[PDB]
Amino acid sequence: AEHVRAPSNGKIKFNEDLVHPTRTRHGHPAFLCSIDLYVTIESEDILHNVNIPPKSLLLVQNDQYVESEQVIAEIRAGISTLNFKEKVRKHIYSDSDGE
Amino acid sequence: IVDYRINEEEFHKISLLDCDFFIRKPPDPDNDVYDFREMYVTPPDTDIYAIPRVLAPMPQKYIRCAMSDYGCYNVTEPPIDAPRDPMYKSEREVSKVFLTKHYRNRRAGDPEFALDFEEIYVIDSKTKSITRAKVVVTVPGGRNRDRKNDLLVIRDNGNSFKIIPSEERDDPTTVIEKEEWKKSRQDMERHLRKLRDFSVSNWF
Amino acid sequence: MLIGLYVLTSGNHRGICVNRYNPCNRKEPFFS
Amino acid sequence: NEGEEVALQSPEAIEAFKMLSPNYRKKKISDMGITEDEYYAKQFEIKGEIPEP
Amino acid sequence: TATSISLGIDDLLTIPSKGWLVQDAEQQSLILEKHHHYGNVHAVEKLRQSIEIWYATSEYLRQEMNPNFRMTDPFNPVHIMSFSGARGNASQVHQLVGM
Amino acid sequence: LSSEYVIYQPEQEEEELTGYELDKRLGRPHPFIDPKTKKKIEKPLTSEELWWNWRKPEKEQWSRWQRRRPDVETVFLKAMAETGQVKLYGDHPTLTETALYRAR
């Protein structure tokens, strides 16, 4: 699961109609990507284009300003069946008394 | 393919990395006369002749030229499968051949002998083509400049030819340091660009 | 011994580290 | 309700995803014609079966 | 013996971007904790987000460790010991100069 | 009379008299970004329009990394910024300048 990072500080420009809205596993909202897209990091002197076609998570929005080396997107290309998959359980403990 | 096997005794055999170039040699005491009317290109150590790509007007008269070789040494590390098996293998790997016409077709043993750096013919093994080089005369004097003081600078993988005076030359240390400094500056800027403070910064 | 060999064969400052300005505006020892 | 890291296809899910932005809410308010004070009270509206007076 | 390599306190050089990365990571963690207290996300999403973001930060630090040493301080004693192969490893030096 | 291949350029009168390009060529103190070519970018999305994950806190939180770590490089850059040996972009050395000093 490679994480794409911003090459420099600048605005993000991309066409939001191609990406599909989704919810990330971290509870955050994101744009699902299924087709090769081109995003442009608009900086003071240069423009950067970096994206990967397959199923990825876009954790940014159009016209949003981002700083350098921030996690713009998550490629998430690595996916396969896990024979060691375990149904681990976690319990939520109340922090206050009541009903 | 010409389909007839020529007699290579009457031709100049020039060896390249991936090709062999043949140029007809008129009878001469010193083997420096070239005839560009007939020329052939062959695969490495092959007797199947062919016609090369003439990409420039070739001289139609006998001229006296000096051959030179351009390339890079490939020092490899051959596997050792024997006690006294060699530790290294060195190959010249010629890539481009430069033919420099002698000034006024004079012989090498003449009292006044100079090379005409305005008529350079290059041979490329990759493209199997022979063409004429483009030089940029910068020595004062125009066409009346004396040929006893000239220096031909060849850079950019045999693509840049410049004629400058002999006194106005750079020692090898100077050009090596220049290229190293340029590459280091480019790589350092590339490395420091990713830092979030690259915008408000100053290279000192 | 590996550290000593690495110090021996490491090399020298080649680019911006050896010179502050570009040598364009402008190594020395020769041993037989 | 749909799943994790799956393209949302339900109309209400996409509607809420668009409503996550204030400008979309302002656009919807302007489209419906109600005022901001009316939209604030529309949230505090009893839902379900309403008894007869 | 002639060169007498040695290691000191100031000789353990951290990458020049550790502070920014740790700060944005802890900022995102605090924002996620606040929204978890509100009810926007549940426990497993918070756990996954924290684990993933901290693992990614540590991995990026370890990845950027070596290029920093190669470019900025090529003759650093720790870098010499790690690159020569005498003693140490990328993971072990990450414990010393990273996280 | 001159052929297509034989070019003649006797007068070499090409000089980068501009300060930025001259300093970049000669390796003199100059900003990494040419201030002339700097383009004012349009206003990005406000904090309100961004999602909650990217929405900055209204009040500035506390962190142990809020201060800048002291280093020998910063002190030496401050010491040599005086007397005119080097020139820095501003009054306080930045991390890129500290790395460049560590290098050179």
# chains A, B, ... in the order shown; residues from 1 in each chain; ligands from 1
>>> interface_residues(of="chain C", to="chain B", cutoff="9 Å", atoms="only C-alpha atoms", output="number ranges by chain")
C: 14-24, 26-28
>>> interface_residues(of="chain F", to="chain A", cutoff="10 Å", atoms="only C-alpha atoms", output="list in words")
residues 33, 34, 35, 37, 38, 39, 40, 41, 42, 43, 44, 45, 46, 47, 49, 50, 51, 52, 53 and 54 of chain F
>>> write_last_selection(atoms="C-alpha atoms", output="CSV table (one decimal), in the first residue's frame")
chain,number,residue,atom,x,y,z
F,33,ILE,CA,13.0,30.6,-6.7
F,34,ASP,CA,13.3,33.6,-9.1
F,35,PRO,CA,11.3,36.4,-7.5
F,37,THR,CA,8.9,34.6,-12.2
F,38,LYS,CA,6.9,34.1,-9.0
F,39,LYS,CA,3.2,33.8,-9.9
F,40,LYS,CA,0.5,34.7,-7.4
F,41,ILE,CA,-1.7,31.6,-7.1
F,42,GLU,CA,-5.4,31.9,-6.7
F,43,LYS,CA,-7.1,31.5,-3.4
F,44,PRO,CA,-7.6,27.8,-2.5
F,45,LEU,CA,-10.5,26.4,-0.5
F,46,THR,CA,-11.1,27.9,2.9
F,47,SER,CA,-11.0,25.9,6.1
F,49,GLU,CA,-15.0,24.0,2.8
F,50,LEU,CA,-12.4,21.4,3.5
F,51,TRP,CA,-13.4,18.1,5.2
F,52,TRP,CA,-13.1,17.7,8.9
F,53,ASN,CA,-10.0,15.5,8.6
F,54,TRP,CA,-8.1,18.3,6.7
>>> interface_residues(of="chain D", to="chain A", cutoff="12 Å", atoms="only C-alpha atoms", output="ChimeraX atom specification")
/D:1-11,13-21
>>> interface_residues(of="chain E", to="chain C", cutoff="10 Å", atoms="only C-alpha atoms", output="mmCIF file with N, CA and C atoms, in the first residue's frame")
data_model
loop_
_atom_site.group_PDB
_atom_site.id
_atom_site.type_symbol
_atom_site.label_atom_id
_atom_site.label_comp_id
_atom_site.auth_asym_id
_atom_site.auth_seq_id
_atom_site.Cartn_x
_atom_site.Cartn_y
_atom_site.Cartn_z
ATOM 1 N N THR E 1 43.180 3.217 12.044
ATOM 2 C CA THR E 1 43.850 3.906 13.142
ATOM 3 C C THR E 1 44.222 5.331 12.752
ATOM 4 N N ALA E 2 44.654 5.529 11.504
ATOM 5 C CA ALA E 2 45.050 6.864 11.063
ATOM 6 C C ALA E 2 43.864 7.821 11.039
ATOM 7 N N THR E 3 42.725 7.375 10.506
ATOM 8 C CA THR E 3 41.573 8.265 10.387
ATOM 9 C C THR E 3 40.846 8.423 11.718
ATOM 10 N N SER E 4 40.751 7.344 12.498
ATOM 11 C CA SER E 4 40.152 7.355 13.833
ATOM 12 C C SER E 4 38.700 7.845 13.784
ATOM 13 N N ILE E 5 37.872 7.043 13.112
ATOM 14 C CA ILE E 5 36.441 7.315 13.080
ATOM 15 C C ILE E 5 35.874 7.214 14.492
ATOM 16 N N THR E 72 23.550 15.116 2.153
ATOM 17 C CA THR E 72 23.978 16.204 3.026
ATOM 18 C C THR E 72 25.322 15.949 3.697
ATOM 19 N N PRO E 74 27.819 13.068 3.499
ATOM 20 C CA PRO E 74 28.239 11.753 2.980
ATOM 21 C C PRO E 74 29.271 11.062 3.851
ATOM 22 N N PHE E 75 30.129 11.825 4.528
ATOM 23 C CA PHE E 75 31.185 11.269 5.366
ATOM 24 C C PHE E 75 30.783 11.193 6.834
ATOM 25 N N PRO E 77 30.076 9.488 10.244
ATOM 26 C CA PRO E 77 30.557 8.207 10.793
ATOM 27 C C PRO E 77 29.488 7.133 10.891
ATOM 28 N N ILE E 80 28.941 5.996 7.440
ATOM 29 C CA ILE E 80 30.055 5.164 6.989
ATOM 30 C C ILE E 80 29.926 3.752 7.548
ATOM 31 N N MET E 81 29.631 3.637 8.845
ATOM 32 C CA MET E 81 29.497 2.321 9.463
ATOM 33 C C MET E 81 28.334 1.542 8.861
ATOM 34 N N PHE E 83 26.901 2.002 5.714
ATOM 35 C CA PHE E 83 27.041 1.723 4.289
ATOM 36 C C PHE E 83 28.181 0.750 4.020
ATOM 37 N N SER E 84 29.273 0.853 4.785
ATOM 38 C CA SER E 84 30.412 -0.033 4.568
ATOM 39 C C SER E 84 30.044 -1.487 4.837
ATOM 40 N N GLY E 85 29.160 -1.724 5.804
ATOM 41 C CA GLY E 85 28.793 -3.067 6.206
ATOM 42 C C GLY E 85 29.506 -3.567 7.442
ATOM 43 N N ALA E 86 30.270 -2.710 8.122
ATOM 44 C CA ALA E 86 31.049 -3.150 9.274
ATOM 45 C C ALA E 86 30.145 -3.552 10.432
ATOM 46 N N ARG E 87 29.322 -2.624 10.909
ATOM 47 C CA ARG E 87 28.414 -2.908 12.010
ATOM 48 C C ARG E 87 27.209 -1.987 11.899
#
>>> closest_atom_pairs(of="chain E", to="chain B", cutoff="9 Å", atoms="only C-alpha atoms", output="Markdown table")
| residue | atom | partner | partner_atom | distance |
| --- | --- | --- | --- | --- |
| E:16 | CA | B:195 | CA | 8.1 |
| E:17 | CA | B:195 | CA | 7.4 |
| E:20 | CA | B:196 | CA | 8.9 |
| E:67 | CA | B:191 | CA | 8.7 |
| E:68 | CA | B:191 | CA | 8.7 |
| E:71 | CA | B:188 | CA | 7.3 |
| E:72 | CA | B:188 | CA | 8.8 |
>>> select_by_dssp(residues="chain C", states="alpha helix (DSSP H)", output="PyMOL selection string")
chain C and resi 2-9
>>> interface_residues(of="chain F", to="chain E", cutoff="12 Å", atoms="only C-alpha atoms", output="number ranges by chain")
F: 51-73, 94-104
>>> residues_around(residues="residue 86 (chain F)", least_positions_apart="4", cutoff="8 Å", atoms="only C-alpha atoms", output="ChimeraX atom specification")
/B:204 /F:29,80-82
>>> write_last_selection(atoms="N, CA, C and O atoms", output="tab-separated table (two decimals), in the first residue's frame")
chain	number	residue	atom	x	y	z
B	204	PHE	N	23.47	29.43	-0.92
B	204	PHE	CA	24.69	30.15	-0.60
B	204	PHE	C	25.92	29.27	-0.80
B	204	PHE	O	27.04	29.76	-0.95
F	29	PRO	N	25.23	33.77	-3.76
F	29	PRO	CA	23.99	33.76	-2.96
F	29	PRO	C	22.82	34.35	-3.72
F	29	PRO	O	22.83	35.52	-4.10
F	80	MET	N	27.92	33.46	10.37
F	80	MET	CA	28.50	33.84	9.09
F	80	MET	C	27.56	34.68	8.23
F	80	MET	O	28.01	35.23	7.22
F	81	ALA	N	26.28	34.78	8.58
F	81	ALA	CA	25.41	35.73	7.90
F	81	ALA	C	25.87	37.15	8.16
F	81	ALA	O	25.80	38.01	7.26
F	82	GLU	N	26.34	37.43	9.37
F	82	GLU	CA	27.04	38.67	9.65
F	82	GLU	C	28.41	38.63	8.98
F	82	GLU	O	28.93	37.56	8.64
>>> interface_residues(of="chain F", to="chain B", cutoff="6 Å", atoms="only C-alpha atoms", output="ChimeraX atom specification")
/F:5-10,29-32,88-89
>>> closest_atom_pairs(of="chain A", to="chain B", cutoff="7 Å", atoms="only C-alpha atoms", output="CSV")
residue,atom,partner,partner_atom,distance
A:7,CA,B:194,CA,5.7
A:8,CA,B:194,CA,5.8
A:9,CA,B:196,CA,6.8
A:67,CA,B:196,CA,6.8
A:68,CA,B:196,CA,5.3
>>> write_last_selection(atoms="N, CA and C atoms", output="CSV table (one decimal), in the first residue's frame")
chain,number,residue,atom,x,y,z
A,7,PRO,N,4.7,16.5,-4.1
A,7,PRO,CA,6.1,16.9,-4.3
A,7,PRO,C,6.5,18.3,-3.9
A,8,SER,N,5.5,19.2,-3.8
A,8,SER,CA,5.8,20.6,-3.4
A,8,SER,C,4.5,21.1,-2.9
A,9,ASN,N,4.6,22.3,-2.3
A,9,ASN,CA,3.4,23.0,-1.7
A,9,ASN,C,2.7,23.7,-2.9
A,67,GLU,N,0.4,21.0,1.7
A,67,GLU,CA,1.9,21.2,1.8
A,67,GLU,C,2.7,20.0,1.3
A,68,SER,N,4.0,20.2,1.2
A,68,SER,CA,4.9,19.2,0.7
A,68,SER,C,4.8,17.9,1.5
>>> atom_distance(atom1="CA of residue 23 (chain F)", atom2="CA of residue 90 (chain F)")
17.8 Å
>>> residues_around(residues="region 90-99 of chain A", least_positions_apart="5", cutoff="12 Å", atoms="only C-alpha atoms", output="list in words")
residues 37, 42, 43, 44, 45 and 47 of chain E
>>> closest_residue(among="F:78, F:91, F:18, F:26", to="chain C", atoms="only C-alpha atoms")
F:26
>>> atom_distance(atom1="CA of residue 25 (chain C)", atom2="CA of residue 22 (chain F)")
11.0 Å
